[PDB]
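Input: a single structure, listed below in structure tokens.
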Amino acid sequence: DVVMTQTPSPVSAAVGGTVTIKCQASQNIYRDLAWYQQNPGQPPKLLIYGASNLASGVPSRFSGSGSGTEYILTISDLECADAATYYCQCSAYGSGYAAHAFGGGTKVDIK
Amino acid sequence: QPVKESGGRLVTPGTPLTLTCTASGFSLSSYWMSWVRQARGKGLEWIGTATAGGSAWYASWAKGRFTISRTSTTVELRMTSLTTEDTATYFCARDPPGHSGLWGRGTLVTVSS
Amino acid sequence: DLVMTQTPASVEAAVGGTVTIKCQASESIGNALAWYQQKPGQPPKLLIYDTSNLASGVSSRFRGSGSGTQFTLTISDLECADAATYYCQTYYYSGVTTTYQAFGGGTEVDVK
Amino acid sequence: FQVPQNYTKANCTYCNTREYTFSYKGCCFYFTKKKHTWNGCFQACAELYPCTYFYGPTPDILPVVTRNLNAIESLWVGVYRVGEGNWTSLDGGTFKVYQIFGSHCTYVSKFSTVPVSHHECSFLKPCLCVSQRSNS
Amino acid sequence: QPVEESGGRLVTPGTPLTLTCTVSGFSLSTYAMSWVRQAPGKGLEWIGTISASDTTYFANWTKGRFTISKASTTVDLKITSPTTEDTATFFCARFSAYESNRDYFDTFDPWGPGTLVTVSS
């Protein structure tokens, strides 16, 4: 099926800034991505769906975009709360079958 | 195994000329058909595209000089005032390009004064 | 209507090397192109459909991409059977408004 | 009544990126403009876009295809009874349909939950045509 | 409370194992649930999906082990044979269909708390 590759583990910056993180795919999935975060000991929550569009209730400072097989998730105006892991998720559908995938992404701040 | 075509007898201008792009194995009321043409060693141009039933489209290269048609066993193509530079190898093919794309071996439609 | 331009007229390369072919539009095609190769005296084989996707029989080496109005094809290592004239084709099928497709000018490549 | 046997499923794949209403799960959906009759809509989807047939919805695709509608307009779908039971589409499978009257013409609407039957299908309504994306 | 799970135990492998996630506040006949395994100290990986209708599918790495039953008000997960690799927490999800312009994507929007499933002899 589809396999994904993301950035490696250690990601941080100064408190209150902008941090990027990229998720690259194998085949073309036509702008269909989703981004999730989980506090350690907490379930995922939807952040940005459709690879360019904000979810409902997430603050406006988030920005993710891209096309093809490599995409970006970027933060603006970092918060000390927004420090946990961040995942990327694709979904490819066949003629009859359907599949999904995930990746492994890491925390984004201590400095 | 793909579509085949004949009817490229070299003729004189101002005359009708017919083409016949027949069938093999797969049904012809399922896909749309189109015609492209190519001169001696040049970039191949589009002629038209017809669906099943009745509908059709043509390029603005010909002002209705070409009348493509549709019949449930085979598609055909007619020309009225084919002229000096209108010499090509005429192709017919399935229109959505993909895995199911198939192309005939062409037919020499050459003008001869 | 809509025209296509392949500004590389004819290129050379090394055996087992790399070539690039650019195809430019005039309006936004919106990610629907094609690529054919054509040996002399044969029907043109269908290498790639819908910008990047590979038809059967084309190894990954042949790959191409682009978006918007300007696209390109890249061939991974050239070989004894890769000298041909490469065409690029847009397509549109509407039924309601207009059905049209336009080919290109041609890219004759060679090796050594 | 029988299915006309020359309007089958599409073994190919193409959907136009410009004019399609919505997409879901790798299919490009099309709402027709000219309100054909129900029996004619097998031809109408096959003459609109290549690799495109008349379609009947499955209970997962159904809440999306009714959410892109207005409050008043309706829409034919592609289920029928070729025999004495087992309402099937051209794609195959089984469905569940709120029945009132009989013969083989079925529509949806905005507040509908499953496809529902209709009495005189000499009426003229827009039709629903689908086509698979490039993965197939 | 949209979705909540139940059933975490600890056992040596081989033994038959089942969980479930209860739902409320909507219909499970119109939506579709799914399953996803998160090993302790790892990321996510998608297990399977029960659709709006009774048809289902799974990922290729699952070898027919994980199978899913739909009930009246809940979704029943049935595990044939766990190993020491299967020890994880499992999350019951729901396929929600949001939209961009003229498109409709598919996300796991509401996530339950999850239940720890464990193997230690």
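Chain lettering (A, B, ...) mirrors the order of the structure tokens, residue numbering begins at 1 for each chain separately, and ligand numbering begins at 1 in order of display.
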Residues within 9 Å of residue A:53, please, as a PyMOL selection string. Count only C-alpha atoms; anything in the same chain fewer than 2 positions from it doesn't count. (chain A and resi 48-51+55+63-65) or (chain E and resi 99-100)
Residues of stretch 30-94 of chain A at most 12 Å from stretch 50-65 of chain C: nearest atom pair and distance in Å, only C-alpha atoms, as JSON lines:
{"residue": "A:30", "atom": "CA", "partner": "C:52", "partner_atom": "CA", "distance": 11.4}
{"residue": "A:67", "atom": "CA", "partner": "C:65", "partner_atom": "CA", "distance": 11.4}
{"residue": "A:68", "atom": "CA", "partner": "C:65", "partner_atom": "CA", "distance": 9.1}
{"residue": "A:69", "atom": "CA", "partner": "C:52", "partner_atom": "CA", "distance": 11.0}
Identify all chain A residues at most 9 Å from chain E by counting only C-alpha atoms; ligands do not count. Present them as number ranges by chain. A: 1, 32-34, 42-46, 49-50, 52-53, 55, 87, 89, 91, 97-105
Kindly save the residues from that selection, with C-alpha atoms included, as a PDB file, in the first residue's frame.
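And here is the file that came out, result.pdb:
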ATOM      1  CA  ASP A   1       0.000   0.000   0.000  1.00  0.00           C
ATOM      2  CA  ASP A  32      -5.437  13.847   1.086  1.00  0.00           C
ATOM      3  CA  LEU A  33      -3.586  14.181   4.379  1.00  0.00           C
ATOM      4  CA  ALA A  34      -4.462  14.655   8.014  1.00  0.00           C
ATOM      5  CA  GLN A  42      -3.933  11.138  25.544  1.00  0.00           C
ATOM      6  CA  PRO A  43      -5.654  10.181  22.285  1.00  0.00           C
ATOM      7  CA  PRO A  44      -5.053  11.886  18.943  1.00  0.00           C
ATOM      8  CA  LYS A  45      -7.004  14.986  17.978  1.00  0.00           C
ATOM      9  CA  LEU A  46      -7.606  16.233  14.447  1.00  0.00           C
ATOM     10  CA  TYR A  49      -7.357  17.814   7.162  1.00  0.00           C
ATOM     11  CA  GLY A  50      -7.367  17.726   3.387  1.00  0.00           C
ATOM     12  CA  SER A  52      -4.329  22.335   3.342  1.00  0.00           C
ATOM     13  CA  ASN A  53      -7.439  23.021   5.430  1.00  0.00           C
ATOM     14  CA  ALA A  55     -10.234  21.754  11.244  1.00  0.00           C
ATOM     15  CA  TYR A  87       1.479  12.614  13.360  1.00  0.00           C
ATOM     16  CA  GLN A  89      -1.940  10.329   8.084  1.00  0.00           C
ATOM     17  CA  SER A  91      -5.637   7.370   2.983  1.00  0.00           C
ATOM     18  CA  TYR A  97     -10.691  -1.887  -1.461  1.00  0.00           C
ATOM     19  CA  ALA A  98      -9.592   0.830   0.946  1.00  0.00           C
ATOM     20  CA  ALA A  99      -6.503   1.328   3.079  1.00  0.00           C
ATOM     21  CA  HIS A 100      -4.920   3.777   5.505  1.00  0.00           C
ATOM     22  CA  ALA A 101      -1.530   4.480   7.044  1.00  0.00           C
ATOM     23  CA  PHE A 102       0.301   6.537   9.646  1.00  0.00           C
ATOM     24  CA  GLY A 103       3.815   7.595  10.584  1.00  0.00           C
ATOM     25  CA  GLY A 104       5.996   8.327  13.577  1.00  0.00           C
ATOM     26  CA  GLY A 105       6.403  11.953  14.611  1.00  0.00           C
TER      27      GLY A 105
END
Selection: 8 Å around residue E:29, only C-alpha atoms, excl. self and same-chain fewer than 3 positions, as an MDAnalysis selection string: chainID E and resid 32 52:53
Okay, now the selection with C-alpha atoms, as an mmCIF file, in the first residue's frame?
data_model
loop_
_atom_site.group_PDB
_atom_site.id
_atom_site.type_symbol
_atom_site.label_atom_id
_atom_site.label_comp_id
_atom_site.auth_asym_id
_atom_site.auth_seq_id
_atom_site.Cartn_x
_atom_site.Cartn_y
_atom_site.Cartn_z
ATOM 1 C CA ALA E 32 -18.242 3.807 10.252
ATOM 2 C CA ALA E 52 -21.787 1.641 7.455
ATOM 3 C CA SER E 53 -22.919 -1.630 5.956
#
With 10 Å as the cut-off and only C-alpha atoms counted, what is the closest atom pair between each nearby residue of chain D and chain A? Distances in Å to one decimal, ordered by chain and number, as JSON lines.
{"residue": "D:13", "atom": "CA", "partner": "A:95", "partner_atom": "CA", "distance": 9.5}
{"residue": "D:24", "atom": "CA", "partner": "A:93", "partner_atom": "CA", "distance": 9.4}
{"residue": "D:25", "atom": "CA", "partner": "A:93", "partner_atom": "CA", "distance": 5.8}
{"residue": "D:26", "atom": "CA", "partner": "A:93", "partner_atom": "CA", "distance": 5.7}
{"residue": "D:27", "atom": "CA", "partner": "A:95", "partner_atom": "CA", "distance": 8.8}
{"residue": "D:132", "atom": "CA", "partner": "A:95", "partner_atom": "CA", "distance": 6.9}
{"residue": "D:133", "atom": "CA", "partner": "A:95", "partner_atom": "CA", "distance": 8.2}
{"residue": "D:134", "atom": "CA", "partner": "A:94", "partner_atom": "CA", "distance": 8.9}
{"residue": "D:135", "atom": "CA", "partner": "A:94", "partner_atom": "CA", "distance": 5.8}
{"residue": "D:136", "atom": "CA", "partner": "A:95", "partner_atom": "CA", "distance": 5.2}
Rows by chain and residue number, chain D within 6 Å of chain E, shortest pair, only C-alpha atoms, as JSON lines:
{"residue": "D:21", "atom": "CA", "partner": "E:102", "partner_atom": "CA", "distance": 5.7}
{"residue": "D:22", "atom": "CA", "partner": "E:102", "partner_atom": "CA", "distance": 4.6}
{"residue": "D:23", "atom": "CA", "partner": "E:103", "partner_atom": "CA", "distance": 5.1}
{"residue": "D:24", "atom": "CA", "partner": "E:104", "partner_atom": "CA", "distance": 5.4}
{"residue": "D:60", "atom": "CA", "partner": "E:52", "partner_atom": "CA", "distance": 5.1}
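Taking atom CA of residue B:25 and atom CA of residue D:28 as the two end points, the separation is 28.3 Å.
Going from atom CA of residue B:106 to atom CA of residue C:83 covers 21.3 Å.
Each of C:32, C:81, C:14, C:9 was compared to chain D using only C-alpha atoms, and C:32 turns out to be the nearest.
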Select from chain C everything DSSP, run on the backbone, classes as strand (DSSP E), then give the selection as a PyMOL selection string. chain C and resi 10-11+19-24+33-37+45-49+62-67+70-75+85-90+107-109
Using N, CA, C and O atoms, can you export the residues from the last selection as a short mmCIF file (atom, residue, chain, number, x, y, z; two decimals), in the first residue's frame?
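Below is the file that was written, result14.cif:
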data_model
loop_
_atom_site.label_atom_id
_atom_site.label_comp_id
_atom_site.auth_asym_id
_atom_site.auth_seq_id
_atom_site.Cartn_x
_atom_site.Cartn_y
_atom_site.Cartn_z
N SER C 10 15.74 19.28 -29.86
CA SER C 10 16.42 18.00 -29.95
C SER C 10 17.65 18.04 -29.05
O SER C 10 18.46 18.96 -29.16
N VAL C 11 17.77 17.05 -28.17
CA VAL C 11 18.80 17.05 -27.14
C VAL C 11 19.70 15.83 -27.31
O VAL C 11 19.37 14.87 -28.00
N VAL C 19 17.94 13.07 -18.93
CA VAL C 19 17.38 14.09 -19.81
C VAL C 19 16.13 14.67 -19.17
O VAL C 19 15.46 14.04 -18.35
N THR C 20 15.81 15.89 -19.59
CA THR C 20 14.64 16.60 -19.11
C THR C 20 13.92 17.22 -20.30
O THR C 20 14.55 17.84 -21.17
N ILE C 21 12.60 17.05 -20.33
CA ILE C 21 11.75 17.57 -21.39
C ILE C 21 10.66 18.40 -20.75
O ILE C 21 9.96 17.92 -19.86
N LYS C 22 10.52 19.65 -21.20
CA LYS C 22 9.54 20.56 -20.64
C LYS C 22 8.38 20.73 -21.61
O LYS C 22 8.60 20.91 -22.81
N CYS C 23 7.16 20.69 -21.09
CA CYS C 23 5.96 20.97 -21.87
C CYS C 23 5.17 22.08 -21.18
O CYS C 23 4.83 21.96 -20.00
N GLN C 24 4.89 23.15 -21.91
CA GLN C 24 4.26 24.34 -21.37
C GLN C 24 2.90 24.54 -22.01
O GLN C 24 2.73 24.34 -23.22
N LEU C 33 -2.26 15.54 -18.18
CA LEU C 33 -1.38 15.47 -19.35
C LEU C 33 -1.10 14.02 -19.67
O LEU C 33 -1.55 13.10 -18.98
N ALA C 34 -0.34 13.81 -20.74
CA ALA C 34 0.07 12.48 -21.11
C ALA C 34 1.43 12.56 -21.77
O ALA C 34 1.91 13.64 -22.11
N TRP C 35 2.07 11.41 -21.93
CA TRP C 35 3.36 11.33 -22.59
C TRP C 35 3.42 10.07 -23.43
O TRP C 35 3.09 8.99 -22.94
N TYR C 36 3.85 10.20 -24.68
CA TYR C 36 4.04 9.06 -25.55
C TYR C 36 5.46 9.05 -26.08
O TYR C 36 6.04 10.10 -26.35
N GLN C 37 6.01 7.85 -26.24
CA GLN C 37 7.21 7.64 -27.02
C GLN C 37 6.82 6.95 -28.32
O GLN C 37 5.77 6.32 -28.41
N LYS C 45 3.57 4.38 -28.04
CA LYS C 45 3.28 3.72 -26.78
C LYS C 45 2.89 4.75 -25.74
O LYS C 45 3.42 5.86 -25.72
N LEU C 46 2.06 4.38 -24.77
CA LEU C 46 1.60 5.33 -23.74
C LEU C 46 2.39 5.30 -22.44
O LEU C 46 2.02 4.58 -21.54
N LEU C 47 3.50 6.05 -22.28
CA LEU C 47 4.30 5.95 -21.08
C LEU C 47 3.69 6.44 -19.80
O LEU C 47 3.83 5.80 -18.79
N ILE C 48 3.00 7.56 -19.84
CA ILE C 48 2.53 8.09 -18.58
C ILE C 48 1.19 8.78 -18.76
O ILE C 48 0.95 9.38 -19.78
N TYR C 49 0.30 8.69 -17.78
CA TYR C 49 -1.02 9.28 -17.88
C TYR C 49 -1.31 10.10 -16.69
O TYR C 49 -0.81 9.82 -15.63
N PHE C 62 11.19 6.04 -15.94
CA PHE C 62 10.53 7.08 -16.68
C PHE C 62 9.69 7.68 -15.63
O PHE C 62 8.90 7.00 -15.01
N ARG C 63 9.82 8.92 -15.38
CA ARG C 63 8.93 9.58 -14.45
C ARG C 63 8.90 11.04 -14.76
O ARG C 63 9.85 11.59 -15.25
N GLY C 64 7.82 11.69 -14.43
CA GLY C 64 7.73 13.07 -14.79
C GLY C 64 6.77 13.71 -13.86
O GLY C 64 6.05 13.02 -13.16
N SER C 65 6.76 15.02 -13.83
CA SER C 65 5.85 15.70 -12.97
C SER C 65 5.65 17.11 -13.30
O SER C 65 6.16 17.63 -14.28
N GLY C 66 4.83 17.74 -12.49
CA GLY C 66 4.62 19.14 -12.66
C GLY C 66 3.25 19.41 -12.15
O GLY C 66 2.57 18.50 -11.71
N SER C 67 2.83 20.67 -12.19
CA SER C 67 1.49 21.04 -11.77
C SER C 67 1.16 22.34 -12.47
O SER C 67 2.03 22.99 -13.03
N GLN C 70 2.78 24.31 -16.31
CA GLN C 70 4.11 23.97 -16.79
C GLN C 70 4.53 22.64 -16.20
O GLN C 70 4.50 22.46 -14.98
N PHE C 71 4.88 21.67 -17.05
CA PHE C 71 5.18 20.34 -16.57
C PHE C 71 6.47 19.85 -17.12
O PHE C 71 7.04 20.53 -17.93
N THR C 72 6.95 18.69 -16.68
CA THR C 72 8.17 18.13 -17.28
C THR C 72 8.31 16.64 -17.12
O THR C 72 7.74 16.11 -16.22
N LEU C 73 9.08 15.98 -17.99
CA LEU C 73 9.29 14.53 -17.94
C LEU C 73 10.75 14.30 -17.65
O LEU C 73 11.56 15.07 -18.15
N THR C 74 11.12 13.33 -16.80
CA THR C 74 12.54 12.98 -16.55
C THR C 74 12.82 11.50 -16.73
O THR C 74 12.12 10.68 -16.14
N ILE C 75 13.85 11.14 -17.49
CA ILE C 75 14.11 9.74 -17.78
C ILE C 75 15.33 9.36 -16.98
O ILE C 75 16.31 10.08 -17.07
N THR C 85 11.07 9.95 -30.50
CA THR C 85 10.44 11.26 -30.43
C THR C 85 9.35 11.21 -29.38
O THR C 85 8.39 10.44 -29.51
N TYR C 86 9.47 12.04 -28.35
CA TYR C 86 8.56 12.01 -27.21
C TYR C 86 7.53 13.12 -27.33
O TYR C 86 7.90 14.30 -27.44
N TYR C 87 6.26 12.75 -27.32
CA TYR C 87 5.16 13.70 -27.43
C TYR C 87 4.48 13.87 -26.08
O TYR C 87 4.46 12.95 -25.26
N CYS C 88 3.90 15.05 -25.85
CA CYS C 88 3.10 15.30 -24.67
C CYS C 88 1.73 15.79 -25.08
O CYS C 88 1.61 16.63 -25.99
N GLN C 89 0.69 15.29 -24.42
CA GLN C 89 -0.69 15.47 -24.84
C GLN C 89 -1.56 15.84 -23.66
O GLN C 89 -1.52 15.18 -22.62
N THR C 90 -2.35 16.90 -23.81
CA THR C 90 -3.40 17.23 -22.87
C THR C 90 -4.71 16.64 -23.35
O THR C 90 -4.87 16.31 -24.52
N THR C 107 9.98 15.98 -29.38
CA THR C 107 11.30 16.03 -28.75
C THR C 107 12.09 14.81 -29.21
O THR C 107 11.90 13.71 -28.68
N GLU C 108 12.98 15.00 -30.17
CA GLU C 108 13.79 13.91 -30.71
C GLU C 108 15.09 13.82 -29.93
O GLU C 108 15.92 14.73 -30.00
N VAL C 109 15.29 12.72 -29.22
CA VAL C 109 16.47 12.53 -28.38
C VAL C 109 17.38 11.50 -29.04
O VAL C 109 16.95 10.76 -29.93
#
Could you pull the residues within 7 Å of stretch 64-75 of chain E, counting only C-alpha atoms, minus those fewer than 3 positions along the same chain, as a VMD selection string? chain E and resid 20 to 23 50 78 to 81
Exercise: stretch 8-11 of chain A partners within 10 Å, only C-alpha atoms, chain neighbours under 2 positions left out, as a short mmCIF file (atom, residue, chain, number, x, y, z; two decimals) with N, CA and C atoms, in the first residue's frame:
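Saved the output as around11.cif:
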data_model
loop_
_atom_site.label_atom_id
_atom_site.label_comp_id
_atom_site.auth_asym_id
_atom_site.auth_seq_id
_atom_site.Cartn_x
_atom_site.Cartn_y
_atom_site.Cartn_z
N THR A 5 7.04 8.54 5.10
CA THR A 5 8.24 8.89 5.82
C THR A 5 8.12 10.32 6.34
N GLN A 6 8.59 10.53 7.56
CA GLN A 6 8.46 11.79 8.26
C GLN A 6 9.86 12.21 8.69
N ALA A 13 12.63 24.29 19.08
CA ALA A 13 13.01 25.65 18.76
C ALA A 13 12.83 26.47 20.03
N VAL A 19 7.86 26.46 13.79
CA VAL A 19 8.51 25.17 13.59
C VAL A 19 7.82 24.45 12.44
N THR A 20 8.60 23.90 11.52
CA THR A 20 8.06 23.08 10.45
C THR A 20 8.32 21.61 10.72
N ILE A 21 7.53 20.77 10.06
CA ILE A 21 7.70 19.32 10.10
C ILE A 21 7.03 18.76 8.85
N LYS A 22 7.74 17.87 8.16
CA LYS A 22 7.33 17.41 6.84
C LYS A 22 7.06 15.92 6.85
N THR A 85 3.68 15.31 20.63
CA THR A 85 4.00 14.70 19.34
C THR A 85 3.02 15.15 18.26
N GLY A 104 5.55 8.05 12.23
CA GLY A 104 6.00 8.33 13.58
C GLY A 104 6.61 9.70 13.70
N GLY A 105 5.92 10.61 14.39
CA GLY A 105 6.40 11.95 14.61
C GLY A 105 6.55 12.24 16.10
N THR A 106 7.36 13.26 16.39
CA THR A 106 7.85 13.45 17.75
C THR A 106 7.48 14.83 18.26
N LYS A 107 7.89 15.09 19.50
CA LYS A 107 7.60 16.34 20.19
C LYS A 107 8.36 17.49 19.55
N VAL A 108 7.95 18.71 19.89
CA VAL A 108 8.32 19.88 19.11
C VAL A 108 9.01 20.97 19.91
N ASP A 109 9.11 20.85 21.23
CA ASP A 109 9.77 21.91 22.00
C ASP A 109 10.27 21.37 23.32
N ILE A 110 11.52 21.72 23.66
CA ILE A 110 12.03 22.15 24.98
C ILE A 110 13.37 22.84 24.69
#
Go through A:62, A:78, A:40, A:12 one by one, measure the shortest atom-to-atom distance of each to residue E:40 using only C-alpha atoms, and give the residue with the smallest value. A:40
Given a cut-off of 8 Å, which residues of chain C touch chain D, counting only C-alpha atoms, written out as a PyMOL selection string? chain C and resi 30-31+50+92-96
Using N, CA, C and O atoms, can you write the selected residues to a file as a PDB file, in the first residue's frame?
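The new file result_30.pdb reads:
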ATOM      1  N   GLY C  30      -4.688  21.862 -15.218  1.00  0.00           N
ATOM      2  CA  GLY C  30      -5.225  21.312 -13.996  1.00  0.00           C
ATOM      3  C   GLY C  30      -4.985  19.825 -13.875  1.00  0.00           C
ATOM      4  O   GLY C  30      -5.925  19.068 -13.616  1.00  0.00           O
ATOM      5  N   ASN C  31      -3.729  19.419 -14.085  1.00  0.00           N
ATOM      6  CA  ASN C  31      -3.227  18.069 -13.818  1.00  0.00           C
ATOM      7  C   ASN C  31      -3.967  17.036 -14.675  1.00  0.00           C
ATOM      8  O   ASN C  31      -4.669  16.159 -14.173  1.00  0.00           O
ATOM      9  N   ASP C  50      -2.101  11.130 -16.864  1.00  0.00           N
ATOM     10  CA  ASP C  50      -2.401  12.023 -15.760  1.00  0.00           C
ATOM     11  C   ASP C  50      -1.194  12.568 -15.038  1.00  0.00           C
ATOM     12  O   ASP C  50      -1.050  12.324 -13.851  1.00  0.00           O
ATOM     13  N   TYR C  92      -9.240  16.701 -22.576  1.00  0.00           N
ATOM     14  CA  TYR C  92     -10.403  17.251 -21.913  1.00  0.00           C
ATOM     15  C   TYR C  92     -11.627  16.589 -22.515  1.00  0.00           C
ATOM     16  O   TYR C  92     -11.728  16.448 -23.734  1.00  0.00           O
ATOM     17  N   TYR C  93     -12.551  16.179 -21.660  1.00  0.00           N
ATOM     18  CA  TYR C  93     -13.762  15.511 -22.115  1.00  0.00           C
ATOM     19  C   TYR C  93     -14.899  16.073 -21.284  1.00  0.00           C
ATOM     20  O   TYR C  93     -14.934  15.855 -20.073  1.00  0.00           O
ATOM     21  N   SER C  94     -15.811  16.807 -21.910  1.00  0.00           N
ATOM     22  CA  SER C  94     -16.864  17.451 -21.140  1.00  0.00           C
ATOM     23  C   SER C  94     -18.251  16.946 -21.483  1.00  0.00           C
ATOM     24  O   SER C  94     -19.021  16.624 -20.575  1.00  0.00           O
ATOM     25  N   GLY C  95     -18.627  16.941 -22.755  1.00  0.00           N
ATOM     26  CA  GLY C  95     -19.980  16.569 -23.118  1.00  0.00           C
ATOM     27  C   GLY C  95     -20.981  17.701 -22.988  1.00  0.00           C
ATOM     28  O   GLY C  95     -21.858  17.861 -23.839  1.00  0.00           O
ATOM     29  N   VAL C  96     -20.869  18.483 -21.918  1.00  0.00           N
ATOM     30  CA  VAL C  96     -21.720  19.650 -21.753  1.00  0.00           C
ATOM     31  C   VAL C  96     -21.199  20.814 -22.587  1.00  0.00           C
ATOM     32  O   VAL C  96     -21.945  21.412 -23.368  1.00  0.00           O
TER      33      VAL C  96
END
Enumerate as a PyMOL selection string the residues belonging to chain C that approach chain B to within 7 Å, with only C-alpha atoms taken into account. chain C and resi 42-43+49+55-56+99+101-106
Could those selected residues go to a file with N, CA and C atoms, as a short mmCIF file (atom, residue, chain, number, x, y, z; two decimals), in the first residue's frame?
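Contents of result-v9.cif, freshly written:
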data_model
loop_
_atom_site.label_atom_id
_atom_site.label_comp_id
_atom_site.auth_asym_id
_atom_site.auth_seq_id
_atom_site.Cartn_x
_atom_site.Cartn_y
_atom_site.Cartn_z
N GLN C 42 5.81 2.92 -35.97
CA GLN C 42 5.06 2.16 -34.99
C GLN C 42 4.04 3.10 -34.35
N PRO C 43 2.99 2.56 -33.74
CA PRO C 43 2.09 3.41 -32.98
C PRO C 43 2.77 3.92 -31.73
N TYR C 49 0.30 8.69 -17.78
CA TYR C 49 -1.02 9.28 -17.88
C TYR C 49 -1.31 10.10 -16.69
N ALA C 55 2.02 3.65 -16.96
CA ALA C 55 1.27 2.59 -17.59
C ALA C 55 2.10 1.39 -17.51
N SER C 56 1.51 0.27 -17.82
CA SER C 56 2.24 -0.94 -17.66
C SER C 56 3.39 -0.93 -18.59
N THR C 99 -15.17 19.28 -25.98
CA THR C 99 -14.24 18.16 -25.95
C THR C 99 -13.07 18.48 -26.86
N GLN C 101 -8.48 18.03 -27.33
CA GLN C 101 -7.19 17.53 -26.90
C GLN C 101 -6.15 18.04 -27.88
N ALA C 102 -4.99 18.42 -27.34
CA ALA C 102 -3.95 19.02 -28.16
C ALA C 102 -2.63 18.33 -27.89
N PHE C 103 -1.91 17.98 -28.95
CA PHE C 103 -0.61 17.36 -28.82
C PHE C 103 0.48 18.43 -28.86
N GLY C 104 1.73 18.01 -28.96
CA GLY C 104 2.83 18.94 -28.89
C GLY C 104 3.69 19.00 -30.13
N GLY C 105 4.91 19.52 -29.99
CA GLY C 105 5.77 19.77 -31.12
C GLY C 105 6.81 18.70 -31.35
N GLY C 106 7.08 17.89 -30.34
CA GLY C 106 8.01 16.80 -30.52
C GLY C 106 9.40 17.03 -29.95
#
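With only C-alpha atoms as the atoms that count, the minimum distance from residue B:40 to the choices C:4, C:79, C:40, C:100 is reached by C:40.
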